[PDB]
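Enquirer: Structure supplied as final_16.tsv; contents: TSV, N, CA and C atoms.
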chain	number	residue	atom	x	y	z
V	587	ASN	N	169.83	47.17	123.78
V	587	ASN	CA	168.97	46.05	124.12
V	587	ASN	C	167.60	46.54	124.52
V	588	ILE	N	166.79	46.42	123.47
V	588	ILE	CA	165.45	46.99	123.46
V	588	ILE	C	164.51	46.34	124.46
V	589	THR	N	164.67	45.05	124.76
V	589	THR	CA	163.84	44.34	125.73
V	589	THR	C	163.47	44.98	127.07
V	590	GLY	N	162.18	45.20	127.26
V	590	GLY	CA	161.71	45.98	128.39
V	590	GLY	C	161.94	47.49	128.26
V	591	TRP	N	162.29	48.06	127.09
V	591	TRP	CA	162.30	49.52	126.93
V	591	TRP	C	160.99	50.18	127.30
V	592	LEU	N	159.88	49.58	126.87
V	592	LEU	CA	158.57	50.04	127.30
V	592	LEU	C	158.31	49.80	128.79
V	593	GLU	N	158.91	48.74	129.36
V	593	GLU	CA	158.81	48.40	130.79
V	593	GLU	C	159.58	49.47	131.56
V	594	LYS	N	160.68	49.94	130.96
V	594	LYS	CA	161.57	50.91	131.58
V	594	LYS	C	161.16	52.35	131.45
V	595	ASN	N	160.46	52.70	130.37
V	595	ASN	CA	159.81	54.00	130.24
V	595	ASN	C	158.60	54.14	131.18
V	596	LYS	N	158.29	53.01	131.82
V	596	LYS	CA	157.32	52.86	132.89
V	596	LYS	C	158.00	52.49	134.23
V	597	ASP	N	159.35	52.43	134.28
V	597	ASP	CA	160.20	51.84	135.32
V	597	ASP	C	159.77	50.64	136.18
V	598	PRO	N	160.26	49.42	135.86
V	598	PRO	CA	159.91	48.16	136.50
V	598	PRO	C	160.30	47.89	137.95
V	599	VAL	N	159.24	47.66	138.74
V	599	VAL	CA	159.27	47.08	140.09
V	599	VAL	C	158.79	45.60	140.10
V	600	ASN	N	159.34	44.82	139.16
V	600	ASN	CA	158.77	43.59	138.58
V	600	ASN	C	157.27	43.62	138.22
V	601	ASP	N	156.91	44.86	137.90
V	601	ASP	CA	155.59	45.37	137.55
V	601	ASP	C	154.41	45.17	138.47
V	602	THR	N	154.73	44.72	139.68
V	602	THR	CA	153.73	44.45	140.69
V	602	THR	C	154.04	45.37	141.87
V	603	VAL	N	154.32	44.89	143.10
V	603	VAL	CA	154.54	45.62	144.36
V	603	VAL	C	154.54	47.14	144.61
V	604	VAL	N	153.69	47.91	143.91
V	604	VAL	CA	153.43	49.30	144.29
V	604	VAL	C	152.04	49.48	144.90
V	605	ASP	N	151.00	48.89	144.27
V	605	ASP	CA	149.59	49.20	144.57
V	605	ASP	C	149.18	49.26	146.05
V	606	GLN	N	149.58	48.25	146.84
V	606	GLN	CA	149.17	48.08	148.24
V	606	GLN	C	149.77	49.12	149.20
V	607	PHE	N	150.81	49.83	148.77
V	607	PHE	CA	151.52	50.78	149.63
V	607	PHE	C	150.99	52.21	149.48
V	608	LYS	N	150.55	52.47	148.24
V	608	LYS	CA	149.88	53.70	147.82
V	608	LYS	C	148.87	54.26	148.82
V	609	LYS	N	148.08	53.32	149.35
V	609	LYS	CA	147.21	53.55	150.49
V	609	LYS	C	147.32	52.42	151.52
V	610	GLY	N	148.35	52.57	152.36
V	610	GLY	CA	148.56	51.74	153.54
V	610	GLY	C	148.26	52.44	154.87
V	611	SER	N	148.60	51.78	155.98
V	611	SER	CA	148.35	52.29	157.32
V	611	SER	C	149.49	53.19	157.80
V	612	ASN	N	150.72	52.68	157.70
V	612	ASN	CA	151.93	53.39	158.12
V	612	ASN	C	152.15	54.72	157.42
V	613	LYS	N	152.56	55.73	158.19
V	613	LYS	CA	152.80	57.07	157.68
V	613	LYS	C	153.99	57.13	156.73
V	614	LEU	N	155.14	56.62	157.19
V	614	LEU	CA	156.38	56.72	156.42
V	614	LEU	C	156.28	55.98	155.09
V	615	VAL	N	155.51	54.88	155.10
V	615	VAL	CA	155.19	54.16	153.88
V	615	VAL	C	154.28	55.01	153.00
V	616	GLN	N	153.25	55.63	153.57
V	616	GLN	CA	152.26	56.34	152.78
V	616	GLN	C	152.78	57.67	152.28
V	617	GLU	N	153.72	58.38	152.91
V	617	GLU	CA	154.18	59.63	152.31
V	617	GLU	C	155.12	59.40	151.14
V	618	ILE	N	156.00	58.40	151.26
V	618	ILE	CA	156.88	57.99	150.18
V	618	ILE	C	156.08	57.57	148.95
V	619	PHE	N	155.08	56.71	149.23
V	619	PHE	CA	154.23	56.13	148.21
V	619	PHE	C	152.90	56.86	148.06
V	620	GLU	N	152.91	58.16	148.39
V	620	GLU	CA	151.77	59.00	148.10
V	620	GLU	C	151.65	59.37	146.63
V	621	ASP	N	152.62	60.08	146.03
V	621	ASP	CA	152.52	60.68	144.71
V	621	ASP	C	151.75	59.91	143.64
V	622	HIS	N	150.48	60.30	143.57
V	622	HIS	CA	149.50	59.66	142.70
V	622	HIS	C	149.76	59.76	141.20
V	623	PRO	N	149.65	58.67	140.42
V	623	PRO	CA	149.65	58.71	138.96
V	623	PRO	C	148.35	59.22	138.33
V	624	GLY	N	148.26	59.24	136.99
V	624	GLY	CA	147.12	59.78	136.27
V	624	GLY	C	145.95	58.82	136.31
V	625	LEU	N	145.28	58.83	137.46
V	625	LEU	CA	144.24	57.86	137.77
V	625	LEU	C	142.81	58.21	137.38
V	626	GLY	N	142.53	59.46	137.00
V	626	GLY	CA	141.17	59.89	136.73
V	626	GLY	C	140.76	59.55	135.31
V	627	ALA	N	141.14	60.43	134.40
V	627	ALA	CA	141.00	60.22	132.97
V	627	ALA	C	142.28	60.70	132.28
V	628	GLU	N	142.58	60.04	131.16
V	628	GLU	CA	143.66	60.46	130.28
V	628	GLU	C	143.02	61.15	129.07
V	629	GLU	N	143.36	62.44	128.94
V	629	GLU	CA	142.66	63.37	128.06
V	629	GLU	C	142.72	63.06	126.57
V	630	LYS	N	141.51	62.89	126.01
V	630	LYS	CA	141.32	62.51	124.62
V	630	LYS	C	141.31	63.65	123.61
V	631	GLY	N	140.52	64.69	123.88
V	631	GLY	CA	140.28	65.75	122.90
V	631	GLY	C	138.84	65.74	122.37
V	632	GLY	N	138.68	65.90	121.06
V	632	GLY	CA	137.37	66.13	120.48
V	632	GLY	C	137.25	67.56	119.96
V	633	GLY	N	136.28	68.33	120.47
V	633	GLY	CA	135.97	69.63	119.90
V	633	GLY	C	136.00	70.83	120.84
V	634	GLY	N	135.69	70.69	122.13
V	634	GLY	CA	135.39	71.82	123.00
V	634	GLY	C	136.57	72.58	123.60
V	635	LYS	N	136.16	73.52	124.46
V	635	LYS	CA	137.07	74.48	125.07
V	635	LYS	C	138.15	73.89	125.97
T	880	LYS	N	147.92	116.04	173.79
T	880	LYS	CA	146.53	115.63	173.66
T	880	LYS	C	145.93	116.07	172.32
T	881	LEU	N	146.23	117.30	171.88
T	881	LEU	CA	145.82	117.74	170.54
T	881	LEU	C	146.46	116.90	169.44
T	882	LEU	N	147.74	116.62	169.67
T	882	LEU	CA	148.50	115.65	168.90
T	882	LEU	C	147.95	114.24	169.00
T	883	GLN	N	147.27	113.84	170.08
T	883	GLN	CA	146.65	112.52	170.16
T	883	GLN	C	145.45	112.43	169.23
T	884	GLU	N	144.60	113.46	169.18
T	884	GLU	CA	143.60	113.54	168.12
T	884	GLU	C	144.24	113.47	166.74
T	885	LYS	N	145.40	114.10	166.55
T	885	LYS	CA	146.15	113.94	165.32
T	885	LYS	C	146.70	112.53	165.12
T	886	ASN	N	147.12	111.85	166.20
T	886	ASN	CA	147.60	110.47	166.12
T	886	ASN	C	146.50	109.58	165.61
T	887	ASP	N	145.34	109.60	166.27
T	887	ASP	CA	144.20	108.83	165.83
T	887	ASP	C	143.67	109.20	164.46
T	888	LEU	N	143.42	110.47	164.13
T	888	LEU	CA	143.02	110.81	162.76
T	888	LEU	C	144.01	110.33	161.70
T	889	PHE	N	145.31	110.32	161.99
T	889	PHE	CA	146.30	109.78	161.07
T	889	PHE	C	146.40	108.26	161.12
T	890	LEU	N	146.22	107.62	162.28
T	890	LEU	CA	146.32	106.17	162.39
T	890	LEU	C	145.14	105.47	161.73
T	891	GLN	N	143.99	106.15	161.76
T	891	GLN	CA	142.77	105.72	161.11
T	891	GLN	C	142.96	105.73	159.59
T	892	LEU	N	143.34	106.92	159.12
T	892	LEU	CA	143.63	107.18	157.71
T	892	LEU	C	144.65	106.19	157.16
T	893	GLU	N	145.82	106.05	157.80
T	893	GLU	CA	146.80	105.05	157.35
T	893	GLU	C	146.23	103.63	157.30
T	894	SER	N	145.48	103.21	158.32
T	894	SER	CA	144.73	101.96	158.28
T	894	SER	C	143.63	101.90	157.21
T	895	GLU	N	143.14	103.04	156.72
T	895	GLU	CA	142.24	103.10	155.57
T	895	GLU	C	143.02	103.06	154.25
T	896	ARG	N	144.33	103.33	154.32
T	896	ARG	CA	145.26	103.06	153.23
T	896	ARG	C	145.60	101.57	153.25
T	897	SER	N	145.76	100.91	154.40
T	897	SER	CA	145.81	99.46	154.41
T	897	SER	C	144.45	98.82	154.15
T	898	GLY	N	143.34	99.52	154.44
T	898	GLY	CA	142.03	99.12	153.95
T	898	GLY	C	142.02	99.04	152.42
T	899	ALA	N	142.37	100.15	151.77
T	899	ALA	CA	142.53	100.16	150.32
T	899	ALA	C	143.71	99.34	149.81
T	900	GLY	N	144.68	99.10	150.70
T	900	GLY	CA	145.91	98.40	150.39
T	900	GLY	C	145.70	96.92	150.19
T	901	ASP	N	144.97	96.25	151.09
T	901	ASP	CA	144.62	94.85	150.88
T	901	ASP	C	143.68	94.74	149.68
T	902	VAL	N	142.71	95.65	149.64
T	902	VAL	CA	141.88	95.92	148.47
T	902	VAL	C	142.70	96.28	147.22
T	903	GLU	N	143.98	96.69	147.25
T	903	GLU	CA	144.78	96.66	146.02
T	903	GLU	C	144.96	95.24	145.46
T	904	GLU	N	145.27	94.21	146.27
T	904	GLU	CA	145.42	92.86	145.72
T	904	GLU	C	144.03	92.35	145.34
T	905	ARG	N	143.08	92.62	146.24
T	905	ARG	CA	141.68	92.31	145.98
T	905	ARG	C	141.14	92.93	144.70
T	906	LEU	N	141.39	94.21	144.41
T	906	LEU	CA	140.80	94.86	143.24
T	906	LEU	C	141.36	94.28	141.95
T	907	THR	N	142.68	94.38	141.81
T	907	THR	CA	143.31	93.95	140.58
T	907	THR	C	143.22	92.45	140.29
T	908	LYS	N	143.05	91.63	141.33
T	908	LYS	CA	142.75	90.21	141.21
T	908	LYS	C	141.41	89.99	140.53
T	909	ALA	N	140.45	90.89	140.78
T	909	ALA	CA	139.15	90.81	140.16
T	909	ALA	C	139.25	91.26	138.72
T	910	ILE	N	140.07	92.29	138.44
T	910	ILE	CA	140.27	92.74	137.06
T	910	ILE	C	140.90	91.62	136.24
T	911	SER	N	141.88	90.91	136.80
T	911	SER	CA	142.44	89.74	136.16
T	911	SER	C	141.42	88.61	136.01
T	912	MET	N	140.72	88.28	137.11
T	912	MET	CA	139.64	87.30	137.06
T	912	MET	C	138.54	87.58	136.05
T	913	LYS	N	138.28	88.85	135.72
T	913	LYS	CA	137.45	89.22	134.59
T	913	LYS	C	138.08	88.68	133.31
T	914	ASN	N	139.34	89.08	133.05
T	914	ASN	CA	139.90	88.92	131.72
T	914	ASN	C	140.04	87.47	131.28
T	915	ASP	N	140.43	86.59	132.21
T	915	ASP	CA	140.39	85.15	131.95
T	915	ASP	C	138.97	84.64	131.77
T	916	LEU	N	138.02	84.86	132.70
T	916	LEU	CA	136.62	84.51	132.49
T	916	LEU	C	135.98	85.07	131.22
T	917	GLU	N	136.44	86.22	130.71
T	917	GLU	CA	135.99	86.73	129.42
T	917	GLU	C	136.44	85.78	128.30
T	918	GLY	N	137.70	85.32	128.37
T	918	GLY	CA	138.25	84.38	127.40
T	918	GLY	C	137.78	82.94	127.62
T	919	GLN	N	137.17	82.69	128.78
T	919	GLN	CA	136.44	81.45	128.96
T	919	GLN	C	135.10	81.49	128.25
T	920	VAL	N	134.41	82.63	128.34
T	920	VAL	CA	133.10	82.81	127.72
T	920	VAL	C	133.19	82.90	126.20
T	921	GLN	N	133.82	83.96	125.67
T	921	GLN	CA	133.73	84.29	124.25
T	921	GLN	C	134.08	83.17	123.28
T	922	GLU	N	135.07	82.37	123.71
T	922	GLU	CA	135.46	81.12	123.07
T	922	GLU	C	134.40	80.03	123.21
T	923	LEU	N	133.80	79.78	124.39
T	923	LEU	CA	132.83	78.69	124.57
T	923	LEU	C	131.62	78.88	123.66
T	924	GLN	N	131.26	80.16	123.53
T	924	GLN	CA	130.29	80.65	122.56
T	924	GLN	C	130.79	80.45	121.15
T	925	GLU	N	132.05	80.85	120.88
T	925	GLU	CA	132.63	80.63	119.58
T	925	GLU	C	132.65	79.15	119.22
T	926	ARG	N	132.79	78.26	120.20
T	926	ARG	CA	132.78	76.84	119.94
T	926	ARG	C	131.40	76.26	119.67
T	927	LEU	N	130.35	77.03	119.99
T	927	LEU	CA	129.02	76.63	119.59
T	927	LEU	C	128.94	76.96	118.11
T	928	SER	N	129.32	78.20	117.76
T	928	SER	CA	129.40	78.60	116.36
T	928	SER	C	130.31	77.71	115.52
Translate this structure into structure tokens?

Expert:
Amino acid sequence: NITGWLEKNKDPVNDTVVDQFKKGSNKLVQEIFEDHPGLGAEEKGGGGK
Amino acid sequence: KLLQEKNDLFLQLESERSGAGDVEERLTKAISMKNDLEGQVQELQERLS
């Protein structure tokens, strides 16, 4: 059952309720929800070193 | 007391082996840091070509 396979390769939290915890006030909340995703740039390529 | 002059002349020397000893990690780290930076350069130039 293919439905949400792409949702699941991204693992669903009803696709909402993560963002606000990532940087909250509470310590125990913020260490669990520290591990940052690929937020800067996703590498394209081109020509250089 | 003659042996104390020997204690210090040897304790100095051994500490100059730990002088060169920390400088063992220091020296060869620079030799490695050359070799990678060489492959950073020669290629970046090659990529202009």

Enquirer: Counting only C-alpha atoms, a student should be able to say which residues of chain T come within 12 Å of chain V; what is the right answer, written as a PyMOL selection string?

Expert: chain T and resi 918-928

Enquirer: To one decimal place in Å, what is the distance between atom CA of residue V:600 and atom C of residue V:588?

Expert: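 Going from atom CA of residue V:600 over to atom C of residue V:588 covers 15.5 Å.
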
Enquirer: Please write out, as JSON, where the centre of an axis-aligned box around all listed atoms of stretch 615-633 of chain V lies and how long its edges are, in Å to one decimal, after adding 5 Å on each side.

Expert:
{"center_x": 146.4, "center_y": 62.5, "center_z": 137.5, "size_x": 30.9, "size_y": 26.7, "size_z": 45.2}

Enquirer: I'd like the contact shell of residue V:620 - 6.5 Å cut-off, only N, CA and C atoms, skipping same-chain residues fewer than 5 positions apart - returned as a list in words.

Expert: residues 607, 608 and 615 of chain V

Enquirer: One decimal, in Å: what's the spacing between atom CA of residue T:898 and atom CA of residue T:880?

Expert: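 Pair atom CA of residue T:898 / atom CA of residue T:880 returns 26.1 Å.
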
Enquirer: Please compute the atom N of residue V:621-atom N of residue V:609 distance, one decimal, in Å.

Expert: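 Those two atoms sit 8.8 Å apart.
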
Enquirer: Using DSSP assignments from the backbone, pull out every residue in chain V that falls under alpha helix (DSSP H) and give it to me as a ChimeraX atom specification.

Expert: /V:591-594,605-608,613-618

Enquirer: Missing atoms in stretch 886-909 of chain T: fill them in up to N, CA, C and O atoms and send the result as a PDB file, in the frame of the given file.

Expert:
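The resulting part-v4.pdb:
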ATOM      1  N   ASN T 886     147.120 111.850 166.200  1.00  0.00           N
ATOM      2  CA  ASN T 886     147.600 110.470 166.120  1.00  0.00           C
ATOM      3  C   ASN T 886     146.500 109.580 165.610  1.00  0.00           C
ATOM      4  O   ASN T 886     146.679 108.899 164.605  1.00  0.00           O
ATOM      5  N   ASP T 887     145.340 109.600 166.270  1.00  0.00           N
ATOM      6  CA  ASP T 887     144.200 108.830 165.830  1.00  0.00           C
ATOM      7  C   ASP T 887     143.670 109.200 164.460  1.00  0.00           C
ATOM      8  O   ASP T 887     143.558 108.278 163.643  1.00  0.00           O
ATOM      9  N   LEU T 888     143.420 110.470 164.130  1.00  0.00           N
ATOM     10  CA  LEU T 888     143.020 110.810 162.760  1.00  0.00           C
ATOM     11  C   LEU T 888     144.010 110.330 161.700  1.00  0.00           C
ATOM     12  O   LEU T 888     143.591 109.879 160.630  1.00  0.00           O
ATOM     13  N   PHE T 889     145.310 110.320 161.990  1.00  0.00           N
ATOM     14  CA  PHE T 889     146.300 109.780 161.070  1.00  0.00           C
ATOM     15  C   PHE T 889     146.400 108.260 161.120  1.00  0.00           C
ATOM     16  O   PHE T 889     146.643 107.628 160.083  1.00  0.00           O
ATOM     17  N   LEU T 890     146.220 107.620 162.280  1.00  0.00           N
ATOM     18  CA  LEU T 890     146.320 106.170 162.390  1.00  0.00           C
ATOM     19  C   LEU T 890     145.140 105.470 161.730  1.00  0.00           C
ATOM     20  O   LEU T 890     145.235 104.343 161.249  1.00  0.00           O
ATOM     21  N   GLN T 891     143.990 106.150 161.760  1.00  0.00           N
ATOM     22  CA  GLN T 891     142.770 105.720 161.110  1.00  0.00           C
ATOM     23  C   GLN T 891     142.960 105.730 159.590  1.00  0.00           C
ATOM     24  O   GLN T 891     142.822 104.713 158.904  1.00  0.00           O
ATOM     25  N   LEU T 892     143.340 106.920 159.120  1.00  0.00           N
ATOM     26  CA  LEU T 892     143.630 107.180 157.710  1.00  0.00           C
ATOM     27  C   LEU T 892     144.650 106.190 157.160  1.00  0.00           C
ATOM     28  O   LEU T 892     144.363 105.463 156.204  1.00  0.00           O
ATOM     29  N   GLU T 893     145.820 106.050 157.800  1.00  0.00           N
ATOM     30  CA  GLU T 893     146.800 105.050 157.350  1.00  0.00           C
ATOM     31  C   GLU T 893     146.230 103.630 157.300  1.00  0.00           C
ATOM     32  O   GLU T 893     146.395 102.917 156.294  1.00  0.00           O
ATOM     33  N   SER T 894     145.480 103.210 158.320  1.00  0.00           N
ATOM     34  CA  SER T 894     144.730 101.960 158.280  1.00  0.00           C
ATOM     35  C   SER T 894     143.630 101.900 157.210  1.00  0.00           C
ATOM     36  O   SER T 894     143.207 100.811 156.816  1.00  0.00           O
ATOM     37  N   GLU T 895     143.140 103.040 156.720  1.00  0.00           N
ATOM     38  CA  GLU T 895     142.240 103.100 155.570  1.00  0.00           C
ATOM     39  C   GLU T 895     143.020 103.060 154.250  1.00  0.00           C
ATOM     40  O   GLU T 895     142.466 102.769 153.183  1.00  0.00           O
ATOM     41  N   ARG T 896     144.330 103.330 154.320  1.00  0.00           N
ATOM     42  CA  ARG T 896     145.260 103.060 153.230  1.00  0.00           C
ATOM     43  C   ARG T 896     145.600 101.570 153.250  1.00  0.00           C
ATOM     44  O   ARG T 896     145.751 100.976 152.183  1.00  0.00           O
ATOM     45  N   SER T 897     145.760 100.910 154.400  1.00  0.00           N
ATOM     46  CA  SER T 897     145.810  99.460 154.410  1.00  0.00           C
ATOM     47  C   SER T 897     144.450  98.820 154.150  1.00  0.00           C
ATOM     48  O   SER T 897     144.410  97.712 153.611  1.00  0.00           O
ATOM     49  N   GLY T 898     143.340  99.520 154.440  1.00  0.00           N
ATOM     50  CA  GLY T 898     142.030  99.120 153.950  1.00  0.00           C
ATOM     51  C   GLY T 898     142.020  99.040 152.420  1.00  0.00           C
ATOM     52  O   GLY T 898     141.798  97.967 151.847  1.00  0.00           O
ATOM     53  N   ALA T 899     142.370 100.150 151.770  1.00  0.00           N
ATOM     54  CA  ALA T 899     142.530 100.160 150.320  1.00  0.00           C
ATOM     55  C   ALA T 899     143.710  99.340 149.810  1.00  0.00           C
ATOM     56  O   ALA T 899     143.776  98.992 148.627  1.00  0.00           O
ATOM     57  N   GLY T 900     144.680  99.100 150.700  1.00  0.00           N
ATOM     58  CA  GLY T 900     145.910  98.400 150.390  1.00  0.00           C
ATOM     59  C   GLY T 900     145.700  96.920 150.190  1.00  0.00           C
ATOM     60  O   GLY T 900     146.189  96.387 149.200  1.00  0.00           O
ATOM     61  N   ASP T 901     144.970  96.250 151.090  1.00  0.00           N
ATOM     62  CA  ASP T 901     144.620  94.850 150.880  1.00  0.00           C
ATOM     63  C   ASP T 901     143.680  94.740 149.680  1.00  0.00           C
ATOM     64  O   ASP T 901     143.848  93.906 148.780  1.00  0.00           O
ATOM     65  N   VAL T 902     142.710  95.650 149.640  1.00  0.00           N
ATOM     66  CA  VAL T 902     141.880  95.920 148.470  1.00  0.00           C
ATOM     67  C   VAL T 902     142.700  96.280 147.220  1.00  0.00           C
ATOM     68  O   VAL T 902     142.150  96.125 146.138  1.00  0.00           O
ATOM     69  N   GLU T 903     143.980  96.690 147.250  1.00  0.00           N
ATOM     70  CA  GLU T 903     144.780  96.660 146.020  1.00  0.00           C
ATOM     71  C   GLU T 903     144.960  95.240 145.460  1.00  0.00           C
ATOM     72  O   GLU T 903     144.813  95.070 144.242  1.00  0.00           O
ATOM     73  N   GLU T 904     145.270  94.210 146.270  1.00  0.00           N
ATOM     74  CA  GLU T 904     145.420  92.860 145.720  1.00  0.00           C
ATOM     75  C   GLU T 904     144.030  92.350 145.340  1.00  0.00           C
ATOM     76  O   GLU T 904     143.819  91.786 144.262  1.00  0.00           O
ATOM     77  N   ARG T 905     143.080  92.620 146.240  1.00  0.00           N
ATOM     78  CA  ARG T 905     141.680  92.310 145.980  1.00  0.00           C
ATOM     79  C   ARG T 905     141.140  92.930 144.700  1.00  0.00           C
ATOM     80  O   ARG T 905     140.541  92.191 143.913  1.00  0.00           O
ATOM     81  N   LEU T 906     141.390  94.210 144.410  1.00  0.00           N
ATOM     82  CA  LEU T 906     140.800  94.860 143.240  1.00  0.00           C
ATOM     83  C   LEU T 906     141.360  94.280 141.950  1.00  0.00           C
ATOM     84  O   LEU T 906     140.634  93.766 141.095  1.00  0.00           O
ATOM     85  N   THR T 907     142.680  94.380 141.810  1.00  0.00           N
ATOM     86  CA  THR T 907     143.310  93.950 140.580  1.00  0.00           C
ATOM     87  C   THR T 907     143.220  92.450 140.290  1.00  0.00           C
ATOM     88  O   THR T 907     143.260  92.045 139.120  1.00  0.00           O
ATOM     89  N   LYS T 908     143.050  91.630 141.330  1.00  0.00           N
ATOM     90  CA  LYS T 908     142.750  90.210 141.210  1.00  0.00           C
ATOM     91  C   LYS T 908     141.410  89.990 140.530  1.00  0.00           C
ATOM     92  O   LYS T 908     141.204  89.007 139.818  1.00  0.00           O
ATOM     93  N   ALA T 909     140.450  90.890 140.780  1.00  0.00           N
ATOM     94  CA  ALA T 909     139.150  90.810 140.160  1.00  0.00           C
ATOM     95  C   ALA T 909     139.250  91.260 138.720  1.00  0.00           C
ATOM     96  O   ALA T 909     138.651  90.639 137.841  1.00  0.00           O
TER      97      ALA T 909
END
